[PDB]
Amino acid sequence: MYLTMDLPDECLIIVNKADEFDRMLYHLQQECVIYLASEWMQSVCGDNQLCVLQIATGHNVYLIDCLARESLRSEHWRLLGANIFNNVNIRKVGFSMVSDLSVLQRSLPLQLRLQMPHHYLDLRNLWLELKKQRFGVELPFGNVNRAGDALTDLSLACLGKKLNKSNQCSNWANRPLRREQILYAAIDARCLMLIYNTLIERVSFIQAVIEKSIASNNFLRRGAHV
């Protein structure tokens, strides 16, 4: 079966007004790990359209409306960048993070500081580091050496459920979002928390692997697109 949202509806927090954004900044600043996902629209000739930014904590998910630009002003985005993204004491966990950060940086005035990005953890890079083990790594639902590299493969091996890709190809610009869209976007962030916490609890040498992975981060130098 597919991964479902385990949080109560009250813990999925839609942010499309300034007072909601200010409250979110207050809570995010007190966390030491958050989990990043986004939803955006693309075409062959058009500019990318960033629609949703998801920031999960260990206990809730913020769904920020990136099209709400008359209520969410430049200074809001700048402070999200300065206080949270650029804060070396908050670990930002994501998956395939060059793509996510590129769309964010080009769409929003976050002014990300990308030198020495050791406060970002890309689970895709961490997964590849685990696969460098000679005998693999045994997880609750399989060995990393038998798993693929997509986010749904991490979810299967760690949590035992695939990600439901229904509503993946919806119109992320529709307002209000359908319930199925809110759940899909929230799962995209919450599953990173569940995967990360599975590795933290179940892989005895995980801290050495994390340090190697965060050391390999490079967002400023060109790398091959994957």
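All residue numbers refer to positions in the sequence shown, first residue = 1.
Novice: When the C-alpha temperature factors are averaged for each of 50-58 and 176-184, which stretch ends up with the higher value in the entry?
Specialist: Averaged over C-alpha atoms, the B-factors run higher in 176-184.
Novice: Tell me which of 8-16 and 213-221 has the higher mean C-alpha B-factor in the deposited entry.
Specialist: Between 8-16 and 213-221, it is 213-221.
Novice: With respect to the C-alpha temperature factors reported in the PDB entry, which of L63, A37, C45, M193 ranks highest?
Specialist: Answer, based on the entry's C-alpha B-factors: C45.
Novice: Reading the B-factor column of the entry, which of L101, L151, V93, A147 has the highest value at its C-alpha atom?
Specialist: In the PDB entry, the greatest C-alpha B-factor among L101, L151, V93, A147 is found at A147.
Novice: Test of reading the entry: by CA B factor among the chain's modelled residues, which third contains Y120?
Specialist: Lowest third, going by the recorded CA B-factors of the chain.
Novice: Once the chain's modelled residues are ordered by C-alpha B factor and cut into thirds, is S74 in the lowest, middle or highest one?
Specialist: It belongs to the lowest third of the chain when residues are ordered by C-alpha B-factor.
Novice: Ranking every modelled residue in this chain by its Cα temperature factor as given in the entry, which third contains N86?
Specialist: It belongs to the lowest third of the chain when residues are ordered by C-alpha B-factor.
Novice: Ranking every modelled residue in this chain by its Cα temperature factor as given in the entry, which third contains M41?
Specialist: As the PDB entry reports it, the C-alpha B-factor of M41 lands in the lowest third of its chain.
Novice: Among the modelled residues of this chain, does the Cα B factor of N164 put it in the lowest, middle or highest third?
Specialist: CA B-factor rank for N164: highest third.
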